[PDB]
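Residue numbers (the deposited numbering), protein chains in the order written: chain D, 22 to 413, 424 to 638; chain C, 22 to 413, 424 to 638. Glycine included, each C-beta is placed from N, C-alpha and C at the ideal position.
Protein chains: 2
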Amino acid sequence: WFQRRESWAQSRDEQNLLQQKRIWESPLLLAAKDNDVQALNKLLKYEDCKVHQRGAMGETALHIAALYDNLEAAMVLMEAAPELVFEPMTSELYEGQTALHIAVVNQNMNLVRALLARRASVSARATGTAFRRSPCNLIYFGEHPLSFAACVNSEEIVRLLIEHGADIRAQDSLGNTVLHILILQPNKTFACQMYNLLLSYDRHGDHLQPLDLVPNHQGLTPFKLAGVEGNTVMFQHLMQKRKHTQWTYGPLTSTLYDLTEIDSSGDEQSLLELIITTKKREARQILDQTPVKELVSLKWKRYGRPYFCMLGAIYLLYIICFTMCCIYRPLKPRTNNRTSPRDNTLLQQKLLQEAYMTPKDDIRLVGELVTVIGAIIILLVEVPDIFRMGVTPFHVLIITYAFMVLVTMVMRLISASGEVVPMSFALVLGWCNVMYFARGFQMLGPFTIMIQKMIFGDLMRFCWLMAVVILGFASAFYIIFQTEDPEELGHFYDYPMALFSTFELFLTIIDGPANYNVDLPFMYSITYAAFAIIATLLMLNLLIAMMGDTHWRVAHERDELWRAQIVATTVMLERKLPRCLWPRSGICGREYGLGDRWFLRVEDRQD
Amino acid sequence: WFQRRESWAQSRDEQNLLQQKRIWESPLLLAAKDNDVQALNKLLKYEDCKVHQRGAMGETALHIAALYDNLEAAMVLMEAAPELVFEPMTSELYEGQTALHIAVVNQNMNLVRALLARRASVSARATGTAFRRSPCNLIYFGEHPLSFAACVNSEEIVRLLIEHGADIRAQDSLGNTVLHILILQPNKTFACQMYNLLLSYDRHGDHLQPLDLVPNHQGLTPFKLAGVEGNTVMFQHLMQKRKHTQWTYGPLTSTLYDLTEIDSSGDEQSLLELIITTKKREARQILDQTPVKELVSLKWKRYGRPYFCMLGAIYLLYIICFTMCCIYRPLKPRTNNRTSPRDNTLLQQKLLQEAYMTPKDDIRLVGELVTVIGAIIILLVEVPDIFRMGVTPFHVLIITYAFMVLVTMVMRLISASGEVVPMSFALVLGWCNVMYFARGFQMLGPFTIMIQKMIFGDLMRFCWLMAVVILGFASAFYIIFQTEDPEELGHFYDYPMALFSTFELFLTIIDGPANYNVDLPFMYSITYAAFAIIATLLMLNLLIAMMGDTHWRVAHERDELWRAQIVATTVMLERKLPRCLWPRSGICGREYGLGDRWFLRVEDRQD
Ligand SMILES: CC(C)CCC[C@@H](C)[C@H]1CC[C@H]2[C@@H]3CC=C4C[C@@H](OC(=O)CCC(=O)O)CC[C@]4(C)[C@H]3CC[C@]12C
Ligand SMILES: CC(C)CCC[C@@H](C)[C@H]1CC[C@H]2[C@@H]3CC=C4C[C@@H](OC(=O)CCC(=O)O)CC[C@]4(C)[C@H]3CC[C@]12C
Ligand SMILES: CC(C)CCC[C@@H](C)[C@H]1CC[C@H]2[C@@H]3CC=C4C[C@@H](OC(=O)CCC(=O)O)CC[C@]4(C)[C@H]3CC[C@]12C
Ligand SMILES: CC(C)CCC[C@@H](C)[C@H]1CC[C@H]2[C@@H]3CC=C4C[C@@H](OC(=O)CCC(=O)O)CC[C@]4(C)[C@H]3CC[C@]12C
Ligand SMILES: Cc1cccc([C@H]2CC[C@@H](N3CCN(c4cccnc4)CC3)CC2)c1
Ligand SMILES: Cc1cccc([C@H]2CC[C@@H](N3CCN(c4cccnc4)CC3)CC2)c1
Ligand SMILES: [Ca+2]
């Protein structure tokens, strides 16, 4: 049905086996799979021999000879069938893959001289589903023959395809040209030799975003695609045509970076925004490169940190006047005589409803109307981001804060009863948002990362085995003290409280049930000595030793993930703040003869 | 008696020394141990010189000359005694070891030309107890001369034995042929050169399980024996005759694995069952090999995980209706006036006996008859495995659960008194079996391994030194507060409770005895300050630091032991479930011209 996404991997495994069956049960496809050239001359000099018959993938006999790189057998199929060269595969898995595609992928042939001598099409599009990029195809070579030749590092075949008229600007279904595909190849060193070779054959008089400024179907150039895909090797090589040394002075050079596709120019997505909003771990190592790590720590020292410690001082002072309008909330004494289950009730205030007739209730009225306005402004700069940027932690904890302030407003107006419940969330979803502003400080910055990596990490996998233990012993502790007097040692008197006592006894944050005047059940002393060992001794200290084994093997990741929080903050502070504040980064080159671009120089010793 | 298993190692140490005594006190055995050929001609040209006399191991003089590789002295014993070649050793330690065996083991001789020129037997069986495989013999070479020659890596001697008629199919007492013995040799690289050489001399027209399909006396072929013995090097080499590349496409090949001795064909034990049910740590590295790690994670993603989260949702829902039939158990109030030792008794319910006359006792009756049926079905699919597979943790914890449910059933029928005791075990042996189903999840999967490795690990060796301390201080705390008023600070009022208070004070899961109104004994403040240091401070934190030193040096073992739990689960889910469910793994080759075997292809980049 829908649960089988492995029913297409199953459908192509039994399609490759059916390919090898059709080769064996047909005489010339087996004669092309082997050489068998003395037997291959005989099979084609017949009356109605089918040279145009297909296999399971739609192979002709020239496809089989080019796939098993039989040079001598493939010459015979082109002599006695010159029309066979122009014929592609027709199966849905391999659509349009001509015989020129197959002889190119094998990184060699003397057949690509012979196929192009028979005027084979260099603009054939291998549009089949085995050539799309996916996490189920081991290759993404493109669609075109020079896209296949440039990804196998064949500099003799790429030059020989272009001399026969291969279009240098051919794009895929994804929009990727030849120069995009080289970036997302697994062999990053050999793609740098090929990136230079494919640009040498541009020389295109109609320049018009010449060859490495043309984007794919999601608006990424080759330079920005190396940023998203995490290609560090093709990022330093792509940066070489953007820097230029002003002067060298002994050991001291002074380059000048172009910075026109890294910094936020206009409404276009800059390369600092693509690295943050991508889902790769290796993409955030471009934040350590020499035009980027000196661009981020130049608009964070100057402009990013003063505009982040002003928003961290307004918010920390906004929430002291939210705390004090919950400490001083209106609260009368009780009227209903406590005719409740007596001695199991001690609530004695039951807050006011329309009583504000006090000059201390008017000072609070100003101070609790600031926190209403301050929680509407959160829902006017955060909700127009969630429902304007698709659907995809401190975002969630500040809509939730701003929702709980509006819930306790509606409960204040309609005089609803339980108002301690939205305030208790808003006093702790609110104060724990001051941990957001512990990323402008390098000391207490990564300490907020390794709280996220442990809540949704080491403590989320400990959660599901702790709850196994504290449901087994809490249900064992309950039925032991069920035939009991709860007046003394009443830790487990009803089944919710036995769960919460046993959770507390797991963490040793209450004492441990003992009376010493009255004989406890005999079964209690055994099942609590078992709960003491396998839960307090064993399993609690197993969790503080898998948080101390977490650190030293995430100590590099957690410390390089601080300046990825600086980029995400500097990008956010730049988009929200207007252009009257926040001057642009770098030195504009209108008054220096360098164009309309914004440059960033840096000097360094090179020894 | 029986306690001396080192009385046979003692019996062969004094048997090798007695061998060296008999050589010295006899003239020609010392003349054969050295060369002494001018003295060796003289000793044999006598009237009644004993050339057929024995040593302590039953050596003839040709054995001594072949053991100390004296080529020139051994020629003289064969000229003047050609009958001496055919004579084996007769001691129980070295039975049947002819002189051809000894000249072969030394990895060289020109004597093996000379012994075979005297038509020495190539089918001599060295059946002595120093040649059986054991953890007290450093060698297991086999029984036959070409079994001795192939295990010393002598390709000149193996070819020269076969040309004189050495049987290629000779088997041991263990059933091992020549090709089995090469697998369980300590030098794994040189056995791959020999495995190919011994198959080249097969060419056997009577094929009939040709040479590497013949099993030993426990049903293992050479391919399955490399799985059990942990031979990773002879597993990849043995797999080369099972894969075959369908096609190579540039960097992209497509092999097709045979999978007929790895997957469960029928009632025969497949190789995935042999790796799990063996006692070697190095055998479970064959689970990471390219036809096996892609077979396991193909019938776990498809069929193993849906049939394991259905059994983990039935069991977790079976035991919520066992918990609720213990929360709501029938329980009257007390009748016997508490004429017990008054104020030391608070049990006040003493559960019902035949009172079910309630419409809430009938809903429980359905819910506690499900847990009776659900605990019989456990004892019908687990007891027919224990008493049907020899005699050899979550097996034990679910027979014990299913036994405690049947004990609390018998106590319910006969109206037995103490029923809180089988329920208290069954509520915690039952809930802690939900940790079994935390192996279908890779996050909380290895977290169940390092609970087993710490209960029967770091906490089992801490158990025997903690109980030394909490018997010494509990017996010191008892006699201090023995001359005391137990009405106030009654932690230690009788000797069982002093043990349980001191166990709790060890773990700091009760407070710590203090009264502050009445003067405690002076001796208490000294012996509790000693118990605070050497038990709470020193020895408790010694145990949480040897669980945190456990992790980072078992972090690789504990994480590769997760997918050994997946294999053991996938094997168990395949044996229990019928063939109507659970389709077989791989693609059958009846409709593709490949035979009756079940193949598994995989494609990969090879750069
Ligand atoms: C009536 C007066 C006092 C107005 C008071 C309002 C301010 C105290 C509020 C309104 C909008 C708030 C801002 C709304 C948006 C954000 C971004 C938010 O960051 C995120 O979205 C989280 C990023 C992540 O960690 O993933 C952190 C708080 C902050 C700066 C808020 C800081 C506090 C602000 C300025
Ligand atoms: C690692 C964590 C996420 C997993 C384990 C969580 C549980 C151990 C905790 C979380 C919330 C706790 C519950 C929160 C609410 C209640 C209700 C509470 O009831 C009352 O306080 C009644 C008083 C009244 O209503 O007046 C009793 C404890 C109990 C069941 C708690 C029992 C223990 C719980 C389930
Ligand atoms: C690491 C562990 C495995 C080694 C140490 C275990 C002991 C410290 C524990 C395990 C079981 C405990 C015992 C379990 C049962 C009892 C009976 C108990 O007696 C009662 O509760 C009497 C009440 C009644 O019978 O009504 C007193 C504590 C005692 C001796 C406990 C003392 C401490 C013991 C020996
Ligand atoms: C009346 C109705 C509700 C029937 C309910 C019965 C089921 C809830 C029980 C009966 C048989 C049980 C199974 C019996 C065998 C096993 C294998 C057992 O695994 C082992 O043997 C442990 C392996 C190891 O860790 O060494 C784990 C539980 C499981 C799946 C059990 C899961 C729960 C089952 C299906
Ligand atoms: C993940 C794992 C693997 C293997 C073994 C475990 C332990 C989990 C339960 C544990 N019992 C739990 C409770 N018992 C108990 C209960 C009441 C009275 N007296 C004794 C003692 C031991 C025994 C084994 C866990
Ligand atoms: C494994 C090991 C090696 C070497 C030494 C030890 C310590 C174990 C007992 C320890 N005493 C135990 C109790 N004493 C004591 C007791 C009562 C009142 N006042 C004092 C103090 C010290 C002293 C040495 C352990
Ligand atoms: Ca305490």
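Could you check if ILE398/C belongs to the surroundings of ligand 4, using beta carbon to heavy atom distance under 8 angstroms? For this step, residue 398/C is matched to residue 377 along the second sequence. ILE398/C has its CB nearer than 8 angstroms to a heavy atom of ligand 4.
Coarse secondary structure for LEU437/D, derived from DSSP in three states: As a first step, residue 437/D is located in the first sequence; it is residue number 406 there, counting from the start. Three-state result, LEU437/D: helix.
How far does the beta strand (DSSP E) with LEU203/C in it reach, from first residue to last? For this step, residue 203/C is matched to residue 182 along the second sequence. Per DSSP, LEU203/C belongs to no beta strand (DSSP E) and is neither H nor E.
Ordered list of alpha helix (DSSP H) runs contained in the segment 100–161 of chain C, each at least 4 residues: Correct list: 120–126, 132–138.
Residues of the segment 619–630 of chain C with Cβ closer than 9 angstroms to any Cβ of chain D, in chain order: Of all residues in the segment 619–630 of chain C, only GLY620, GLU622, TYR623, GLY624, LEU625, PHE630 come within less than 9 angstroms of chain D when Cβ atoms are compared, listed by chain position.
My output table needs one value for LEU277/D: the three-state DSSP class, helix, strand or coil. Along the first sequence, read from residue 1 onward, the residue named residue 277/D stands at position 256. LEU277/D: strand per DSSP, three-state reduction.
Amino acids of chain C, ordered along the chain, whose beta-carbon sits closer than 8 angstroms to that of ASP580/D: Taking the first residue of the first sequence as 1, we reach residue 580/D at position 549. Per Cβ cutoff of 8 angstroms: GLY579, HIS582, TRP583, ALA586.
Interface flag, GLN513/C vs chain D, CB-CB below 9 angstroms: The residue given as residue 513/C occupies position 482 in the second sequence. Chain D, which has no Cβ nearer than 9 angstroms to the Cβ of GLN513/C, makes this no.
Can you list every residue whose CB sits closer than 6 angstroms to some heavy atom of ligand 2, going in chain order? If you measure from each CB to the nearest heavy atom of ligand 2, the residues under 6 angstroms come out as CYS494/D, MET497/D, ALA498/D, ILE501/D, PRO527/D, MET528/D, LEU530/D, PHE531/D, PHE534/D.
Establish whether the CB of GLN239/C and some CB of chain D are separated by less than 9 angstroms. Residue mapping note: residue 239/C aligns to position 218 of the second sequence, counting from 1. Not one chain D Cβ lies under 9 angstroms of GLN239/C.
Is the separation between the beta-carbon of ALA82/C and that of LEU105/C shorter than 9 angstroms? In the second sequence, counting from the first residue as 1, residue 82/C sits at position 61. In the second sequence, counting from the first residue as 1, residue 105/C sits at position 84. Yes, these two residues count as a Cβ contact at 9 angstroms.
Sorry if obvious, but does the Cβ on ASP550/D come closer than 8 angstroms to a heavy atom of ligand 3? Translated into the one-based positions of the first sequence, residue 550/D becomes position 519. Yes, since a heavy atom of ligand 3 falls inside the 8 angstroms radius drawn around the Cβ of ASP550/D.
Using a Cβ cut-off of 9 angstroms, pull out every chain D residue sitting near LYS322/C, in sequence order please. Numbered from 1 along the second sequence, position 301 holds the residue referred to as residue 322/C. Per Cβ cutoff of 9 angstroms: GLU27.
Output needed in chain order: residues of the segment 270–282 of chain C with a Cβ under 8 angstroms from some Cβ in chain D. From the segment 270–282 of chain C, only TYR270, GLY271, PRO272, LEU273, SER275, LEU277 have a Cβ closer than 8 angstroms to chain D.
Would you tell me roughly how many angstroms separate the C-alpha atoms of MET481/C and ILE557/D, rounded to the nearest one? By one-based count along the second sequence, residue 481/C stands at place 450. By one-based count along the first sequence, residue 557/D stands at place 526. Their Cα atoms are separated by approximately 24 angstroms.
Using the beta-carbon of each residue, which ones in chain D are nearer than 9 angstroms to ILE482/C? Residue numbering aside, residue 482/C sits at position 451 when the second sequence is read from its first letter. For a Cβ distance threshold of 9 angstroms, residue set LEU496, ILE565, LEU569, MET570, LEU573 of chain D lies close to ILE482/C, ordered along the chain.
With DSSP collapsed to three states, give me the class of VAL598/C. In the second sequence, the residue the question calls residue 598/C occupies position 567. Residue state, collapsed to three classes: helix.
What number of angstroms, rounded off, separates the C-alpha of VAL436/C from the C-alpha of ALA212/C? Within the second sequence, residue 436/C is the residue found at index 405, counting from 1. Within the second sequence, residue 212/C is the residue found at index 191, counting from 1. Cα to Cα, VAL436/C sits roughly 56 angstroms from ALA212/C.
Between the beta-carbon of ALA147/D and the beta-carbon of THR119/D, is there less than 9 angstroms? If you number the first sequence from 1, residue 147/D lands on position 126. If you number the first sequence from 1, residue 119/D lands on position 98. Yes. Within cutoff.
Under 8 angstroms: does the beta carbon of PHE434/C sit that close to some heavy atom of ligand 4? On the second sequence, position 403 is the one that residue 434/C refers to. No, since every heavy atom of ligand 4 falls outside the 8 angstroms radius drawn around the Cβ of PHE434/C.
How would you list, in chain order, the residues of chain D whose beta-carbon sits under 8 angstroms from the beta-carbon of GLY521/C? For the purposes of this step, residue 521/C is taken as the residue at position 490 of the second sequence. Correct list: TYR547, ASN548.
Within the 9 angstroms Cβ cut-off, does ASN56/D reach chain C? Numbered from its first residue, the first sequence carries residue 56/D at position 35. At a cut-off of 9 angstroms between C-beta atoms, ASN56/D does not count as an interface residue with respect to chain C.
What number of angstroms, rounded off, separates the C-alpha of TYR278/D from the C-alpha of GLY163/D? Within the first sequence, the letter at position 257 stands for residue 278/D. Within the first sequence, the letter at position 142 stands for residue 163/D. Each residue's alpha carbon lies about 32 angstroms from the other.
Return no unless some Cβ of chain C is closer than 9 angstroms to the Cβ of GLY543/D. As a position in the first sequence, residue 543/D is number 512, starting the count at 1. For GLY543/D, the answer is yes, since a Cβ of chain C falls inside 9 angstroms of its Cβ.
Distance, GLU591/C Cα to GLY579/C Cα: Within the second sequence, numbered from 1, the residue matching residue 579/C stands at position 548. Within the second sequence, numbered from 1, the residue matching residue 591/C stands at position 560. Each residue's Cα considered, the two are about 19 angstroms apart.
Can you check which of these residues, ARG26/D, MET78/D, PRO48/D, is closest to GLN36/D by C-alpha distance? Along the first sequence, one-based indexing puts residue 36/D at 15. The alpha carbon of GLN36/D has as its nearest neighbour, out of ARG26/D, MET78/D, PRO48/D, the alpha carbon of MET78/D.
Does chain C have any CB closer than 9 angstroms to the CB of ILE348/D? Counting from one through the first sequence, the residue named residue 348/D turns up at place 327. It does not; no Cβ of chain C falls within 9 angstroms.
Just the chain C side, please: which residues come within less than 9 angstroms of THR539/D by C-beta, in chain order? As a working note, residue 539/D is residue 508 in the first sequence. Annotation: Cβ neighbours of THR539/D in chain C (cutoff 9 angstroms, chain order): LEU538, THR539, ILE540.
Decide if the segment 291–305 of chain D is in contact with the segment 231–239 of chain D; the criterion is three or more beta carbon pairs, one per stretch, under 8 angstroms apart. No: fewer than three Cβ pairs fall under 8 angstroms.
Partners in chain C for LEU167/D, counting only beta-carbon separations shorter than 7 angstroms: Here residue 167/D refers to the residue found at position 146 when the first sequence is read from its first residue. In chain order: nothing, as chain C lies at least about 14 angstroms away.
Where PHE478/D sits in the DSSP three-state scheme: Position 447 of the first sequence holds residue 478/D. Looking at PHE478/D - three-state DSSP - the assignment turns out to be helix.
For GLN267/C, the three-state DSSP class (helix, strand or coil): In the second sequence, the residue the question calls residue 267/C occupies position 246. Three-state DSSP puts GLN267/C in a strand.
Span of the alpha helix (DSSP H) around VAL452/D: For this step, residue 452/D is matched to residue 421 along the first sequence. Note, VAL452/D: alpha helix (DSSP H), 451–457.
Can you grab the Cα-Cα spacing for the pair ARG302/D / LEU205/D, in whole Å? Working through the first sequence from its first residue, we reach residue 302/D at position 281. Working through the first sequence from its first residue, we reach residue 205/D at position 184. Note on geometry: alpha-carbon atoms of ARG302/D and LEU205/D lie some 15 angstroms from one another.
What in chain D is Cβ-close to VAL459/C, meaning under 9 angstroms? Against the second sequence, residue 459/C aligns to sequence position 428. When 9 angstroms is used as the limit between beta carbons, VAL459/C is near these residues of chain D: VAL500, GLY503, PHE504, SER506, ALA507, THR558, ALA561, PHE562, in chain order.
Apart from the five residues on each side of it in sequence, which residues of its chain come closer than 8 angstroms, Cβ to Cβ, to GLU315/C? Taking the first residue of the second sequence as 1, we reach residue 315/C at position 294. For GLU315/C, where only same-chain residues beyond five positions count, the Cβ hits under 8 angstroms are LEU631, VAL633.
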